[PDB]
Amino acid sequence: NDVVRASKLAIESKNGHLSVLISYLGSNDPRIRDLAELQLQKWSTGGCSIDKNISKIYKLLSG
Amino acid sequence: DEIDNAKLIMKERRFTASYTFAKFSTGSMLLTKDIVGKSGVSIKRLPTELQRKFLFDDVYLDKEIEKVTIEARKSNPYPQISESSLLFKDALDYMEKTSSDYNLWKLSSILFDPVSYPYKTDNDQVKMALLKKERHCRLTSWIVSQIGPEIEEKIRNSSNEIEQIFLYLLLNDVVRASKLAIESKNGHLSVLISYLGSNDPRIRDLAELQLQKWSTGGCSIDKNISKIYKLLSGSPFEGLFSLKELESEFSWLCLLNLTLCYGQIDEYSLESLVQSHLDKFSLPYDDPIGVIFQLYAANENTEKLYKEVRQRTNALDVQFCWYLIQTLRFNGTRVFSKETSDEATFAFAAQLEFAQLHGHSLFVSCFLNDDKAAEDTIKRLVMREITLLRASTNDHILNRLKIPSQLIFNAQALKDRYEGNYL
Amino acid sequence: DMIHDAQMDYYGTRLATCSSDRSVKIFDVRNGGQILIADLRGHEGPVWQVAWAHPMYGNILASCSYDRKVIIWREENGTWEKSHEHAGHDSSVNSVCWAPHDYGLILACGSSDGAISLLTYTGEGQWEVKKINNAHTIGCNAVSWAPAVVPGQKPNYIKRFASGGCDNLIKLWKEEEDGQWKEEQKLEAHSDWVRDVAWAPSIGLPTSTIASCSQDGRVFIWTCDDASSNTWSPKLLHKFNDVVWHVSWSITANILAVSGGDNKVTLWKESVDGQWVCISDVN
Amino acid sequence: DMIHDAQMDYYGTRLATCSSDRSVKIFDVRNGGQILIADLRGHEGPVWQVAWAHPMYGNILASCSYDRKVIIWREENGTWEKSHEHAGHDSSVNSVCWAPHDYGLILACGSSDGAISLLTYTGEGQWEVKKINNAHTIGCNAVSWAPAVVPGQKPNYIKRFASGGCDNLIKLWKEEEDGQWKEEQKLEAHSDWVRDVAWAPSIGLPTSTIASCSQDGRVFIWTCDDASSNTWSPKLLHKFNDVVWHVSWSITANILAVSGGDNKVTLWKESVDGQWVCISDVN
């Protein structure tokens with residue numbers, strides 16, 4: 001439940017787009033919710049090629 | 001016994017004892033008369049007034065060319081820039097992370113260098129609100145790294161835990177600011193601190209409607225517990241218990257971090273948002289990172305402000321000016337005039353002349369909009385320094401810049417022709 | 001002992017000089033170091049100004065003098081000789097200047113008698129002299145050629161050139177499309193002898209300027225907004241409590257080198273605000 | 001290490017000095033040679049300007065400082081002590097100045113908080129302080145007293161005194177015949193912090209003048225053509241590409257000593273023509 005040091009890192013590694021979501025993580029917004037989930041569904045097509053971690057994180061947004 | 005005409009001719013001409021002369025020469029170097037020459041022609045060269053080490057290495061000038069697309073203009077064959085993907089970011093690498101430079105640059109690389117979704121979702125109402133925030137974070141996430149020692153250390157100072165919390169909030173550090181709220185038996189804070197990150201009118205009114213009642217006949221409350229509720233009110237500076245008083249000990253850039261984190265007074269563009277903080281406070285004199293904000297703040301009047309700012313501009317490096325106008329111009333980011341652009345392009349392209357760096361001169365010069373002046377300059381710059389632009393400055397530059405075939409041959413011969421009777 | 005004027009050559013290699021001893025020396029500066037090469041003696045009086053021609057015509061140097069004569073020195077493989085001479089004026093010849101290389105090869109010389117000659121070049125050792133009698137009242141000191149601005153190929157140019165004198169006026173000039181020069185305008189504001197006049201070379205920009213200095217101790221920068229109509233509005237740079245001798249324009253930031261006053265030399269630049277400032281003093 | 005302001009005494013004998021080390025030294029120059037006498041330490045911060053009072057009241061020296069306090073040092077036979085102190089301002093105190101000896105013995109101090117105090121003297125170790133709150137926006141830097149111009153005996157004077165600040169305005173002031181000072185006028189033209197303001201002492205002549213310098217690099221010489229003309233028309237002396245720090249008036253030829261720019265110091269005299277020139281550079 002440490003969003004601040006989890007974001008400081010997201011930016012320090014050139015993985016900025018995370019720091020953004022990580023921001024929305026603390027609150028409930030259906031836009032984000034669907035943007036992560038509707039995204040996840042598409043992620044199992046032919047490109048099962050991304051960190052098990054980037055997904056785990058989007059998963060945290062699904063609800 | 002015969003220097004009498006040197007008293008009549010010197011006197012017939014009005015030529016006084018103190019007759020001195022000075023004249024610049026094509027090579028852009030002056031010659032003032034000092035007894036320091038075989039004849040007495042101290043040939044001083046003109047000092048560049050440009051200080052940034054990476055300009056002297058080919059890799060920069062070279063690499064930075066690959067970033068562009070060159071195309072001959074519609075009134076001659078002289079090359080001019082068609083498309084350039086030039087971001088402040090580019091510069092970051094050739095510098096050291098300590099200088100205010102890296103700052104001034106890394107800042108714009110945030111304020112202006114473009115943000116973007118990495119996957120391919122297409123809901124404009126979303127992608128537009130995401131970048132709107134990806135930029136928001138990136139900016140605070142930066143200021144948090146500048147006020148770092150400034151506050152991180154001001155906290156080793158207080159046997160007043162409630163004050164410590166408020167200081168942890170200032171670092172946009174809600175997590176460690178909450179861990180403390182609970183560890184001191186001041187739990188009700190940890191709750192609000194939770195709502196702090198989002199906009200809920202209930203909380204808003206619960207803090208403000210509360211504050212109003214707090215000035216009746218109820219004292220002994222910490223200036224800090226209030227300062228914190230104030231952070232919930234929405235606008236902390238135009239508040240009923242304002243925070244404008246912090247100014248005495250907190251550098252302005254700290255307060256700003258507040259207007260950007262808790263200051264959402266309205267759900268609108270970040271640009272004008274920054275402009276709001278400025279309306280209430282003044283700013284450090286002679287500070288570039290400061291100016292850069294005003295430049296980002298006054299979004300439509302950029303050129304009007306830039307020009308207006310250029311009158312006390314000894315802080316904004318001619319090279320930066322140029323670079324700014326161009327990263328803004330070629331990304332569609334802001335509104336810049338043709339007159340101002342080229343105006344500041346001669347500026348830079350000239351320092352590079354004075355720094356005997358005709359790679360940069362010629363390169364920058366291609367940024368000229370005036371087909372007349374562009375041709376005009378290039379013909380000059382090349383005609384004079386061809387040898388200097390050939391066999392070793394990495395061998396190609398001229399062709400790399402789509403210069404004209406006829407001018408290369410034309411001017412080149414002209415010199416070999418010249419050297420012909422000096423050898 | 002004391003040198004008068006000294007102008008570097010085109011590619012920045014040689015460097016012609018001349019002083020009161022009637023001797024025009026031509027050093028050569030390959031790598032910061034000076035190295036005399038020739039000592040062309042040929043004036044019955046001190047030499048005043050000197051001017052190198054555009055390398056487009058071999059290598060030419062021209063020097064004028066108080067000896068009422070102007071000499072043009074050619075070069076033909078180490079051979080520095082005289083390929084022509086012109087003594088068409090009755091008094092001293094204070095200055096010389098070459099016209100922009102597009103108008104061909106033309107030399108403009110103003111004498112102390114109040115006239116001005118214009119040596120044009122024709123094929124071989126031949127030079128015509130379309131001269132301007134009584135162009136100035138007491139005499140002429142400075143001559144400066146207006147930038148080479150473009151209007152069948154090889155277009156006709158508004159061949160202009162200014163020149164200040166002892167009458168306090170800085171008269172501009174123009175080649176009438178028939179054959180001779182008629183003074184396009186006079187410029188008054190100087191309260192004494194106009195010492196030097198320098199036509200600042202248009203950095204492509206159409207805002208043609210001109211600077212002048214005189215015994216009164218003022219330097220004016222005549223800027224003109226020409227919509228086909230002469231309207232040269234002078235602006236004061238600075239007044240020193242002594243005479244200003246020469247004025248030359250830098251080549252890119254329109255940096256005016258002001259040579260006059262206290263044996264010093266100053267530099268100026270027009271600031272983003274309209275007023276001119278001193279950037280540095282030279283010594 | 002580095003001294004700030006240093007003003008000689010009345011008869012030109014002693015010479016008070018002060019620098020960033022919080023120490024006010026009082027040398028004495030009998031025959032070109034310097035000879036320190038006392039080192040009055042008493043400021044918790046660097047001392048800014050210093051001012052000697054008219055020998056008419058024994059020998060008094062007053063120094064202000066960044067320590068928010070102003071000290072007045074008396075003298076009683078080699079005895080250099082403090083006969084009073086005033087810490088009535090919340091911030092730095094940039095300057096001090098004594099009113100012409102006719103208005104009695106009055107000290108005018110402007111602080112960095114935007115206020116101004118006026119220590120008048122009453123019989124014994126007692127000093128009243130009629131203060132001017134919020135006289136300038138960001139703060140005050142210079143304070144200069146208007147010349148002692150005459151209108152029962154010992155007439156009432158139009159006790160005026162100017163003062164520039166950080167707000168870019170050079171406000172003049174006047175003692176209302178009742179008790180307090182009301183700013184008679186504001187003077188705008190400076191585009192940045194007014195560094196120093198100096199009321200040129202009327203050489204009997206009624207044409208009262210005033211000069212000011214500021215961070216923009218301009219020095220203006222404000223003028224009141226006549227008396228009660230309410231009018232002050234600023235005129236530009238010169239703009240340098242760096243800040244000007246101090247400006248003091250010579251005493252007879254109204255020679256302005258301009259201290260600012262390149263670590264240099266220049267002198268200016270108004271020429272028979274209205275325009276101001278540089279007479280010499282100082283080093």
# chains A, B, ... in the order shown; residues from 1 in each chain; ligands from 1
$ interface_residues --of "chain B" --to "chain A" --cutoff "7 Å" --atoms "only C-alpha atoms" --output "PyMOL selection string"
chain B and resi 117+133-134+137+141+173+175
$ residues_around --residues "stretch 281-295 of chain B" --least-positions-apart "2" --cutoff "8 Å" --atoms "only C-alpha atoms" --output "short mmCIF file (atom, residue, chain, number, x, y, z; two decimals) with N, CA and C atoms, in the first residue's frame"
data_model
loop_
_atom_site.label_atom_id
_atom_site.label_comp_id
_atom_site.auth_asym_id
_atom_site.auth_seq_id
_atom_site.Cartn_x
_atom_site.Cartn_y
_atom_site.Cartn_z
N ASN B 103 18.41 20.79 -14.98
CA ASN B 103 17.09 21.16 -14.50
C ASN B 103 16.31 21.90 -15.59
N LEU B 104 16.71 23.14 -15.84
CA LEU B 104 16.07 23.93 -16.86
C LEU B 104 15.68 23.06 -18.06
N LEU B 107 13.24 20.10 -17.11
CA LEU B 107 11.94 20.67 -16.76
C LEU B 107 11.06 20.86 -17.98
N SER B 108 11.62 21.48 -19.01
CA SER B 108 10.93 21.73 -20.26
C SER B 108 10.65 20.38 -20.88
N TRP B 252 9.48 29.42 -2.62
CA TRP B 252 8.31 29.47 -3.47
C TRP B 252 7.95 28.16 -4.18
N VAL B 274 -1.07 26.43 -13.41
CA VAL B 274 0.21 26.92 -12.95
C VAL B 274 0.09 28.43 -12.86
N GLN B 275 -0.53 29.03 -13.87
CA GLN B 275 -0.72 30.47 -13.93
C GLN B 275 -1.44 31.01 -12.71
N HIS B 277 -1.11 29.88 -9.50
CA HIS B 277 -0.16 29.97 -8.40
C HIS B 277 0.63 31.26 -8.52
N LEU B 278 1.03 31.58 -9.75
CA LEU B 278 1.80 32.79 -10.02
C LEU B 278 1.08 34.08 -9.68
N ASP B 279 -0.23 34.11 -9.91
CA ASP B 279 -1.01 35.31 -9.62
C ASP B 279 -0.92 35.72 -8.15
N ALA B 297 3.18 28.83 -18.41
CA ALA B 297 1.96 29.39 -17.86
C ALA B 297 1.19 30.24 -18.85
N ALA B 298 1.84 31.23 -19.45
CA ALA B 298 1.16 32.08 -20.41
C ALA B 298 1.16 31.32 -21.72
N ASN B 299 0.21 30.41 -21.88
CA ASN B 299 0.13 29.58 -23.06
C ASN B 299 -0.14 30.22 -24.44
N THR B 302 2.65 33.18 -25.41
CA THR B 302 4.03 32.74 -25.36
C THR B 302 4.95 33.78 -26.02
N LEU B 305 5.02 37.00 -24.36
CA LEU B 305 5.70 36.93 -23.07
C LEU B 305 7.19 36.76 -23.28
N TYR B 306 7.55 35.79 -24.11
CA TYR B 306 8.95 35.54 -24.42
C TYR B 306 9.59 36.88 -24.76
N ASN B 314 18.87 37.83 -19.11
CA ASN B 314 20.25 37.35 -19.11
C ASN B 314 20.38 35.95 -18.52
N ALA B 315 19.22 35.38 -18.17
CA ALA B 315 19.12 34.05 -17.57
C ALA B 315 18.88 32.98 -18.62
N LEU B 316 18.10 33.34 -19.63
CA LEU B 316 17.81 32.41 -20.71
C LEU B 316 18.84 32.48 -21.87
#
$ closest_residue --among "A:13, A:56, A:49, A:62" --to "residue A:37" --atoms "only C-alpha atoms"
A:62
$ interface_residues --of "chain D" --to "chain B" --cutoff "9 Å" --atoms "only C-alpha atoms" --output "number ranges by chain"
D: 191-192, 216
$ closest_atom_pairs --of "chain D" --to "chain C" --cutoff "9 Å" --atoms "only C-alpha atoms" --output "CSV"
residue,atom,partner,partner_atom,distance
D:238,CA,C:277,CA,8.4
D:239,CA,C:277,CA,6.5
D:240,CA,C:277,CA,6.0
D:241,CA,C:277,CA,6.5
D:271,CA,C:241,CA,8.9
D:275,CA,C:239,CA,8.1
D:276,CA,C:239,CA,8.0
D:277,CA,C:240,CA,5.9
D:278,CA,C:240,CA,6.4
D:279,CA,C:241,CA,6.6
$ atom_distance --atom1 "atom CA of residue B:200" --atom2 "atom CA of residue B:218"
26.8 Å
$ select_by_dssp --residues "stretch 150-253 of chain C" --states "strand (DSSP E)" --output "PyMOL selection string"
chain C and resi 161-162+172-175+181-185+194-198+209-214+218-224+232-233+236-239+244-249
$ write_last_selection --atoms "N, CA and C atoms" --output "compact mmCIF listing (two decimals), in the first residue's frame"
# COMPACT_ATOMS: atom_id res chain seq x y z
N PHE C 161 26.12 53.91 -52.69
CA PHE C 161 27.31 53.98 -51.86
C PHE C 161 27.31 55.30 -51.11
N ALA C 162 27.50 55.30 -49.81
CA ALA C 162 27.49 56.57 -49.09
C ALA C 162 28.88 57.22 -48.96
N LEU C 172 24.52 60.08 -49.59
CA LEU C 172 24.40 58.75 -50.21
C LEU C 172 24.49 58.99 -51.72
N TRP C 173 24.70 57.96 -52.55
CA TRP C 173 24.79 58.18 -54.01
C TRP C 173 24.17 57.05 -54.80
N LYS C 174 23.93 57.31 -56.07
CA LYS C 174 23.27 56.30 -56.87
C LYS C 174 23.68 56.41 -58.31
N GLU C 175 23.89 55.26 -58.94
CA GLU C 175 24.28 55.23 -60.33
C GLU C 175 23.04 55.35 -61.20
N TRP C 181 26.71 59.05 -61.58
CA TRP C 181 26.22 59.04 -60.20
C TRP C 181 25.64 60.40 -59.81
N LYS C 182 24.47 60.38 -59.17
CA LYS C 182 23.81 61.59 -58.70
C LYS C 182 23.51 61.38 -57.22
N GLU C 183 23.90 62.33 -56.37
CA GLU C 183 23.67 62.16 -54.95
C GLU C 183 22.22 62.03 -54.59
N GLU C 184 21.82 60.82 -54.22
CA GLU C 184 20.44 60.51 -53.85
C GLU C 184 19.95 61.28 -52.63
N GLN C 185 20.84 61.61 -51.69
CA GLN C 185 20.42 62.34 -50.50
C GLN C 185 21.59 62.83 -49.63
N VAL C 194 32.64 64.90 -40.76
CA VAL C 194 32.25 63.49 -40.68
C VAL C 194 33.55 62.71 -40.88
N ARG C 195 34.01 62.03 -39.83
CA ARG C 195 35.25 61.27 -39.92
C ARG C 195 35.19 59.97 -40.73
N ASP C 196 34.22 59.10 -40.44
CA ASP C 196 34.11 57.84 -41.18
C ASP C 196 32.61 57.48 -41.32
N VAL C 197 32.27 56.74 -42.37
CA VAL C 197 30.90 56.33 -42.63
C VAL C 197 30.88 54.84 -42.96
N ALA C 198 30.08 54.05 -42.25
CA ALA C 198 30.09 52.62 -42.54
C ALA C 198 28.73 51.97 -42.78
N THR C 209 21.07 49.72 -42.70
CA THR C 209 21.56 50.73 -41.75
C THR C 209 22.89 51.37 -42.19
N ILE C 210 23.31 52.39 -41.45
CA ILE C 210 24.56 53.10 -41.73
C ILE C 210 24.97 53.82 -40.46
N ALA C 211 26.27 53.81 -40.16
CA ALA C 211 26.79 54.47 -38.96
C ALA C 211 27.88 55.46 -39.32
N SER C 212 27.95 56.54 -38.56
CA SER C 212 28.93 57.60 -38.80
C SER C 212 29.42 58.23 -37.50
N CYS C 213 30.67 58.68 -37.52
CA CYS C 213 31.31 59.31 -36.36
C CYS C 213 32.02 60.58 -36.82
N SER C 214 32.06 61.60 -35.96
CA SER C 214 32.69 62.86 -36.35
C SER C 214 33.33 63.63 -35.20
N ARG C 218 30.11 62.24 -31.73
CA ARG C 218 28.84 61.51 -31.75
C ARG C 218 28.86 60.41 -32.81
N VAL C 219 28.14 59.33 -32.55
CA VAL C 219 28.04 58.26 -33.52
C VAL C 219 26.55 58.05 -33.72
N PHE C 220 26.09 58.23 -34.96
CA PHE C 220 24.68 58.08 -35.29
C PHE C 220 24.46 56.87 -36.15
N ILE C 221 23.36 56.20 -35.89
CA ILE C 221 23.05 55.05 -36.67
C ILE C 221 21.79 55.38 -37.44
N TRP C 222 22.02 55.70 -38.69
CA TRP C 222 20.98 56.06 -39.60
C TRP C 222 20.31 54.80 -40.04
N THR C 223 19.05 54.64 -39.66
CA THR C 223 18.30 53.46 -40.04
C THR C 223 17.25 53.96 -40.96
N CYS C 224 16.98 53.20 -42.01
CA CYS C 224 15.98 53.65 -42.95
C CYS C 224 14.95 52.61 -43.32
N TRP C 232 15.69 58.54 -43.89
CA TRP C 232 16.75 58.09 -42.99
C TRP C 232 16.70 58.84 -41.65
N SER C 233 16.24 58.16 -40.60
CA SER C 233 16.13 58.76 -39.27
C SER C 233 17.33 58.41 -38.39
N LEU C 236 21.15 58.56 -31.95
CA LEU C 236 22.44 58.67 -31.28
C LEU C 236 22.87 57.45 -30.48
N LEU C 237 24.10 57.01 -30.76
CA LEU C 237 24.70 55.87 -30.10
C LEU C 237 25.34 56.37 -28.83
N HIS C 238 26.25 57.33 -28.97
CA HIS C 238 26.91 57.90 -27.80
C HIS C 238 27.78 59.09 -28.19
N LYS C 239 27.97 60.00 -27.26
CA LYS C 239 28.82 61.15 -27.51
C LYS C 239 29.95 61.07 -26.48
N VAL C 244 35.89 60.83 -32.78
CA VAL C 244 35.80 59.41 -33.13
C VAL C 244 36.41 59.29 -34.54
N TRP C 245 37.29 58.32 -34.75
CA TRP C 245 38.00 58.19 -36.02
C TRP C 245 37.50 57.22 -37.05
N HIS C 246 37.22 56.01 -36.61
CA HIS C 246 36.75 54.99 -37.52
C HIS C 246 35.58 54.23 -36.92
N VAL C 247 34.87 53.54 -37.79
CA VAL C 247 33.73 52.75 -37.38
C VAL C 247 33.58 51.59 -38.34
N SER C 248 33.72 50.37 -37.85
CA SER C 248 33.51 49.25 -38.75
C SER C 248 32.50 48.31 -38.16
N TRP C 249 31.75 47.68 -39.05
CA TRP C 249 30.70 46.77 -38.63
C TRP C 249 31.19 45.36 -38.53
$ residues_around --residues "residue B:93" --least-positions-apart "6" --cutoff "12 Å" --atoms "only C-alpha atoms" --output "PyMOL selection string"
chain B and resi 54+59-60+87+101-102+105-106
$ write_last_selection --atoms "N, CA, C and O atoms" --output "short mmCIF file (atom, residue, chain, number, x, y, z; two decimals), in the first residue's frame"
data_model
loop_
_atom_site.label_atom_id
_atom_site.label_comp_id
_atom_site.auth_asym_id
_atom_site.auth_seq_id
_atom_site.Cartn_x
_atom_site.Cartn_y
_atom_site.Cartn_z
N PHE B 54 29.25 20.55 -24.70
CA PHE B 54 28.94 19.59 -25.76
C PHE B 54 28.87 20.14 -27.19
O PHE B 54 28.82 19.37 -28.15
N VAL B 59 29.80 14.35 -32.42
CA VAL B 59 28.72 13.42 -32.12
C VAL B 59 27.40 14.12 -31.89
O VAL B 59 26.35 13.60 -32.29
N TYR B 60 27.43 15.29 -31.25
CA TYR B 60 26.21 16.03 -31.00
C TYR B 60 25.76 16.58 -32.33
O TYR B 60 24.74 16.15 -32.87
N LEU B 87 13.59 17.29 -29.36
CA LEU B 87 12.99 17.46 -28.04
C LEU B 87 14.06 17.90 -27.05
O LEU B 87 15.26 17.68 -27.29
N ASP B 101 21.28 23.50 -15.28
CA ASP B 101 21.05 23.21 -16.68
C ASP B 101 20.18 21.97 -16.78
O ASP B 101 19.03 22.04 -17.21
N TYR B 102 20.72 20.83 -16.36
CA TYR B 102 19.97 19.60 -16.42
C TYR B 102 18.55 19.92 -15.97
O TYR B 102 17.59 19.39 -16.53
N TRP B 105 16.57 22.16 -18.45
CA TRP B 105 16.27 21.31 -19.58
C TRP B 105 15.29 20.21 -19.23
O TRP B 105 14.24 20.12 -19.86
N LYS B 106 15.61 19.39 -18.24
CA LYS B 106 14.72 18.30 -17.85
C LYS B 106 13.33 18.83 -17.49
O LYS B 106 12.35 18.09 -17.56
#
$ atom_distance --atom1 "atom CA of residue C:67" --atom2 "atom CA of residue C:92"
6.0 Å
$ atom_distance --atom1 "atom CA of residue B:380" --atom2 "atom CA of residue B:67"
25.3 Å
$ residues_around --residues "residue D:4" --least-positions-apart "2" --cutoff "10 Å" --atoms "only C-alpha atoms" --output "VMD selection string"
chain D and resid 2 6 17 to 20 46 to 50
$ write_last_selection --atoms "C-alpha atoms" --output "mmCIF file, in the first residue's frame"
data_model
loop_
_atom_site.group_PDB
_atom_site.id
_atom_site.type_symbol
_atom_site.label_atom_id
_atom_site.label_comp_id
_atom_site.auth_asym_id
_atom_site.auth_seq_id
_atom_site.Cartn_x
_atom_site.Cartn_y
_atom_site.Cartn_z
ATOM 1 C CA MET D 2 34.936 43.205 0.583
ATOM 2 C CA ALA D 6 32.626 54.168 2.934
ATOM 3 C CA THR D 17 34.104 52.242 6.529
ATOM 4 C CA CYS D 18 32.087 49.052 6.817
ATOM 5 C CA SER D 19 32.037 45.636 5.135
ATOM 6 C CA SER D 20 30.246 42.281 5.217
ATOM 7 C CA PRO D 46 26.873 42.797 7.316
ATOM 8 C CA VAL D 47 26.743 46.606 7.470
ATOM 9 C CA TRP D 48 25.370 48.341 4.400
ATOM 10 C CA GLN D 49 25.650 52.132 4.167
ATOM 11 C CA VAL D 50 27.258 54.532 6.643
#
$ residues_around --residues "residue C:69" --least-positions-apart "2" --cutoff "9 Å" --atoms "only C-alpha atoms" --output "ChimeraX atom specification"
/C:43-44,63-67,71,85-93
$ write_last_selection --atoms "N, CA and C atoms" --output "PDB file, in the first residue's frame"
ATOM      1  N   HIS C  43      54.214  56.257 -52.536  1.00  0.00           N
ATOM      2  CA  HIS C  43      53.414  57.447 -52.274  1.00  0.00           C
ATOM      3  C   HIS C  43      54.279  58.573 -51.725  1.00  0.00           C
ATOM      4  N   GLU C  44      54.165  59.750 -52.332  1.00  0.00           N
ATOM      5  CA  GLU C  44      54.938  60.915 -51.907  1.00  0.00           C
ATOM      6  C   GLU C  44      54.414  61.508 -50.589  1.00  0.00           C
ATOM      7  N   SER C  63      45.749  51.014 -52.413  1.00  0.00           N
ATOM      8  CA  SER C  63      46.037  51.952 -51.330  1.00  0.00           C
ATOM      9  C   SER C  63      45.979  53.367 -51.864  1.00  0.00           C
ATOM     10  N   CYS C  64      45.406  54.283 -51.088  1.00  0.00           N
ATOM     11  CA  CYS C  64      45.308  55.680 -51.503  1.00  0.00           C
ATOM     12  C   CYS C  64      46.267  56.459 -50.624  1.00  0.00           C
ATOM     13  N   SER C  65      46.495  57.733 -50.930  1.00  0.00           N
ATOM     14  CA  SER C  65      47.437  58.511 -50.128  1.00  0.00           C
ATOM     15  C   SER C  65      47.299  60.031 -50.220  1.00  0.00           C
ATOM     16  N   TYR C  66      48.053  60.736 -49.369  1.00  0.00           N
ATOM     17  CA  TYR C  66      48.046  62.196 -49.337  1.00  0.00           C
ATOM     18  C   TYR C  66      48.820  62.714 -50.535  1.00  0.00           C
ATOM     19  N   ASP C  67      49.398  61.793 -51.291  1.00  0.00           N
ATOM     20  CA  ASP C  67      50.166  62.172 -52.456  1.00  0.00           C
ATOM     21  C   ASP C  67      49.264  62.403 -53.664  1.00  0.00           C
ATOM     22  N   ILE C  71      46.996  53.831 -55.860  1.00  0.00           N
ATOM     23  CA  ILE C  71      47.725  52.739 -56.487  1.00  0.00           C
ATOM     24  C   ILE C  71      47.014  51.419 -56.333  1.00  0.00           C
ATOM     25  N   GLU C  85      47.598  52.824 -61.910  1.00  0.00           N
ATOM     26  CA  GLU C  85      47.705  53.938 -60.982  1.00  0.00           C
ATOM     27  C   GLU C  85      46.768  55.044 -61.461  1.00  0.00           C
ATOM     28  N   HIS C  86      46.231  55.819 -60.526  1.00  0.00           N
ATOM     29  CA  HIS C  86      45.316  56.887 -60.892  1.00  0.00           C
ATOM     30  C   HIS C  86      45.508  58.133 -60.040  1.00  0.00           C
ATOM     31  N   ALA C  87      45.934  59.212 -60.688  1.00  0.00           N
ATOM     32  CA  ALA C  87      46.175  60.486 -60.017  1.00  0.00           C
ATOM     33  C   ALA C  87      45.228  61.538 -60.581  1.00  0.00           C
ATOM     34  N   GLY C  88      43.936  61.227 -60.571  1.00  0.00           N
ATOM     35  CA  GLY C  88      42.946  62.147 -61.104  1.00  0.00           C
ATOM     36  C   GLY C  88      42.386  63.205 -60.163  1.00  0.00           C
ATOM     37  N   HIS C  89      42.913  63.292 -58.937  1.00  0.00           N
ATOM     38  CA  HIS C  89      42.448  64.282 -57.959  1.00  0.00           C
ATOM     39  C   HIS C  89      43.556  65.245 -57.526  1.00  0.00           C
ATOM     40  N   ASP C  90      43.164  66.497 -57.299  1.00  0.00           N
ATOM     41  CA  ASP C  90      44.077  67.582 -56.935  1.00  0.00           C
ATOM     42  C   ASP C  90      44.594  67.636 -55.503  1.00  0.00           C
ATOM     43  N   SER C  91      43.997  66.871 -54.598  1.00  0.00           N
ATOM     44  CA  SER C  91      44.440  66.882 -53.208  1.00  0.00           C
ATOM     45  C   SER C  91      44.573  65.490 -52.620  1.00  0.00           C
ATOM     46  N   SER C  92      44.652  65.429 -51.299  1.00  0.00           N
ATOM     47  CA  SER C  92      44.773  64.158 -50.612  1.00  0.00           C
ATOM     48  C   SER C  92      43.606  63.254 -50.956  1.00  0.00           C
ATOM     49  N   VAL C  93      43.790  61.954 -50.816  1.00  0.00           N
ATOM     50  CA  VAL C  93      42.720  61.005 -51.073  1.00  0.00           C
ATOM     51  C   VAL C  93      42.527  60.250 -49.773  1.00  0.00           C
TER      52      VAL C  93
END
$ closest_residue --among "B:251, B:341, B:181, B:296" --to "residue B:162" --atoms "only C-alpha atoms"
B:181
$ residues_around --residues "residue D:100" --least-positions-apart "6" --cutoff "10 Å" --atoms "only C-alpha atoms" --output "VMD selection string"
chain D and resid 53 to 54 106 to 107 145 to 149 159
$ decode --residues "stretch 25-37 of chain C" --atoms "C-alpha atoms" --output "PDB file, in the first residue's frame"
ATOM      1  CA  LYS C  25      53.312  46.481 -45.892  1.00  0.00           C
ATOM      2  CA  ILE C  26      51.581  43.125 -46.508  1.00  0.00           C
ATOM      3  CA  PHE C  27      52.063  40.659 -43.641  1.00  0.00           C
ATOM      4  CA  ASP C  28      50.442  37.232 -43.647  1.00  0.00           C
ATOM      5  CA  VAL C  29      48.954  35.620 -40.537  1.00  0.00           C
ATOM      6  CA  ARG C  30      49.058  31.840 -40.795  1.00  0.00           C
ATOM      7  CA  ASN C  31      48.240  30.784 -37.197  1.00  0.00           C
ATOM      8  CA  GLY C  32      48.163  33.921 -35.031  1.00  0.00           C
ATOM      9  CA  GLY C  33      51.709  34.892 -36.005  1.00  0.00           C
ATOM     10  CA  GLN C  34      52.632  37.933 -38.143  1.00  0.00           C
ATOM     11  CA  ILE C  35      55.169  37.646 -41.034  1.00  0.00           C
ATOM     12  CA  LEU C  36      55.841  40.615 -43.380  1.00  0.00           C
ATOM     13  CA  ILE C  37      56.073  39.739 -47.127  1.00  0.00           C
TER      14      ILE C  37
END
